[PDB]
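Contents: one structure, followed by commentary.
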Amino acid sequence: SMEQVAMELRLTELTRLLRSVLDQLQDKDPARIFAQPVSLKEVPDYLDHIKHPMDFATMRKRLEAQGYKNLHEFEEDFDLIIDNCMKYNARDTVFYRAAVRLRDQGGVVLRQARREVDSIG
């Protein structure tokens, strides 16, 4: 149908906007701490601690399959990256601190993204 096409175009355009959001958030991680999944070879107990691992490569896979229906779903995944790190790692670590900085800096990007998503529809 024509409606399904129009809905598909909307999803494509949201995907475009989320790609730009993802790039901007990932620039706020210049150490690449959050770039890839925590390695289960190197941290073999990880899934005993963290039940839903997340990272920027995994988000990018979901994004390019158009697997984010709305900004809320995308934000959920970003918050998992931060929140998983802040639980597994102690306050005095470069990993915890990177997550705090990513959260603080990403907030600005996400605040305008929400306005754009609502604005363009």
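Going by the structure tokens order, chains are called A, B, ..., each with residues numbered from 1, while ligands are numbered from 1 in the order shown.
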Self-check item: Shell around range 84-95 of chain A at 12 Å using only C-alpha atoms, local window under 2 positions removed, as a ChimeraX atom specification
Solution: /A:29,31-34,37-38,43,45-55,76-82,97-103
Convert the current residue selection to file output with C-alpha atoms, as a PDB file, in the first residue's frame.
```pdb
ATOM      1  CA  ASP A  29      33.777   8.588  23.806  1.00  0.00           C
ATOM      2  CA  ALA A  31      38.834   6.631  24.324  1.00  0.00           C
ATOM      3  CA  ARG A  32      36.558   4.070  22.509  1.00  0.00           C
ATOM      4  CA  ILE A  33      35.650   2.497  25.855  1.00  0.00           C
ATOM      5  CA  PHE A  34      32.082   1.865  24.650  1.00  0.00           C
ATOM      6  CA  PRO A  37      30.942  -5.464  23.385  1.00  0.00           C
ATOM      7  CA  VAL A  38      32.671  -6.322  26.626  1.00  0.00           C
ATOM      8  CA  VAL A  43      35.723 -10.816  31.339  1.00  0.00           C
ATOM      9  CA  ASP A  45      31.924 -13.584  34.568  1.00  0.00           C
ATOM     10  CA  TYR A  46      30.374 -10.548  32.835  1.00  0.00           C
ATOM     11  CA  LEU A  47      26.916 -11.986  32.172  1.00  0.00           C
ATOM     12  CA  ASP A  48      26.642 -12.978  35.838  1.00  0.00           C
ATOM     13  CA  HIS A  49      26.731  -9.198  36.607  1.00  0.00           C
ATOM     14  CA  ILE A  50      25.134  -7.575  33.561  1.00  0.00           C
ATOM     15  CA  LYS A  51      22.029  -9.123  32.072  1.00  0.00           C
ATOM     16  CA  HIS A  52      21.614  -6.928  28.993  1.00  0.00           C
ATOM     17  CA  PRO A  53      25.075  -5.897  27.619  1.00  0.00           C
ATOM     18  CA  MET A  54      25.179  -3.012  25.153  1.00  0.00           C
ATOM     19  CA  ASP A  55      27.756  -1.077  23.141  1.00  0.00           C
ATOM     20  CA  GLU A  76      17.045   2.786  26.109  1.00  0.00           C
ATOM     21  CA  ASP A  77      20.084   1.158  24.435  1.00  0.00           C
ATOM     22  CA  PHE A  78      22.310   4.228  25.116  1.00  0.00           C
ATOM     23  CA  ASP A  79      21.317   4.274  28.769  1.00  0.00           C
ATOM     24  CA  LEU A  80      22.215   0.519  28.995  1.00  0.00           C
ATOM     25  CA  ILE A  81      25.753   1.309  27.859  1.00  0.00           C
ATOM     26  CA  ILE A  82      26.141   3.881  30.639  1.00  0.00           C
ATOM     27  CA  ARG A  97      34.335   8.107  34.862  1.00  0.00           C
ATOM     28  CA  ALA A  98      34.078   7.728  31.036  1.00  0.00           C
ATOM     29  CA  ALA A  99      30.456   6.711  31.456  1.00  0.00           C
ATOM     30  CA  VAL A 100      29.631   9.727  33.598  1.00  0.00           C
ATOM     31  CA  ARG A 101      31.212  12.066  31.020  1.00  0.00           C
ATOM     32  CA  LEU A 102      29.364  10.290  28.175  1.00  0.00           C
ATOM     33  CA  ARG A 103      26.058  10.624  30.015  1.00  0.00           C
TER      34      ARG A 103
END
```
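Going from CA of residue 121 in chain A to CA of residue 83 in chain A covers 29.0 Å.
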Quiz prompt | alpha helix (DSSP H) call set, DSSP backbone run, chain A, as a count of residues only | solution = 84
Quiz prompt | Residues within 9 Å of residue 106 in chain A, only C-alpha atoms, excluding chain neighbours under 6 positions, as a VMD selection string | solution = chain A and resid 24 to 26 28
Quiz prompt | Close residues, residue 56 in chain A itself excluded, 7 Å, only C-alpha atoms, min 4 positions apart in chain, as a list in words | solution = residues 34, 35, 36 and 60 of chain A
Would you kindly return, as a PDB file with N, CA and C atoms, in the first residue's frame, each protein, DNA or RNA residue with an atom no farther than 8 Å from any atom of residue 66 in chain A, considering only C-alpha atoms and excluding same-chain residues fewer than 2 positions away?
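part_29.pdb, freshly written:
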```
ATOM      1  N   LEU A  11      10.296   5.826   8.772  1.00  0.00           N
ATOM      2  CA  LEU A  11      11.310   4.984   9.471  1.00  0.00           C
ATOM      3  C   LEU A  11      12.713   5.240   8.918  1.00  0.00           C
ATOM      4  N   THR A  12      12.845   5.394   7.602  1.00  0.00           N
ATOM      5  CA  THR A  12      14.098   5.677   6.973  1.00  0.00           C
ATOM      6  C   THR A  12      14.624   6.994   7.400  1.00  0.00           C
ATOM      7  N   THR A  15      15.825   6.786  10.953  1.00  0.00           N
ATOM      8  CA  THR A  15      17.115   6.098  10.909  1.00  0.00           C
ATOM      9  C   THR A  15      18.222   7.037  10.550  1.00  0.00           C
ATOM     10  N   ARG A  62      21.771  -2.652  14.979  1.00  0.00           N
ATOM     11  CA  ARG A  62      20.331  -2.483  15.119  1.00  0.00           C
ATOM     12  C   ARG A  62      19.886  -1.286  14.267  1.00  0.00           C
ATOM     13  N   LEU A  63      20.591  -0.205  14.326  1.00  0.00           N
ATOM     14  CA  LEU A  63      20.176   0.978  13.579  1.00  0.00           C
ATOM     15  C   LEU A  63      20.137   0.724  12.053  1.00  0.00           C
ATOM     16  N   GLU A  64      21.140   0.044  11.536  1.00  0.00           N
ATOM     17  CA  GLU A  64      21.233  -0.129  10.068  1.00  0.00           C
ATOM     18  C   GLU A  64      20.258  -1.151   9.533  1.00  0.00           C
ATOM     19  N   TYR A  68      15.276   0.502  15.244  1.00  0.00           N
ATOM     20  CA  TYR A  68      14.745   1.446  16.215  1.00  0.00           C
ATOM     21  C   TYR A  68      13.441   2.111  15.633  1.00  0.00           C
ATOM     22  N   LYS A  69      12.352   1.801  16.264  1.00  0.00           N
ATOM     23  CA  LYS A  69      11.019   2.349  15.846  1.00  0.00           C
ATOM     24  C   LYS A  69      10.788   3.782  16.252  1.00  0.00           C
TER      25      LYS A  69
END
```
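Distance check against residue 67 in chain A using only C-alpha atoms: of A:2, A:18, A:120, A:23, the minimum falls on A:18.
Comparing the minimum interatomic distances between residue 107 in chain A and each of A:21, A:14, A:7, A:61, counting only C-alpha atoms, we find that A:21 sits nearest.
In this model, the gap between CA of residue 72 in chain A and CA of residue 27 in chain A comes to 20.6 Å.
Between CA of residue 113 in chain A and CA of residue 22 in chain A the separation is 10.6 Å.
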Exercise. Go through A:104, A:73, A:42, A:116 and flag the residue nearest residue 17 in chain A, using only C-alpha atoms for the distances.
Key: A:116
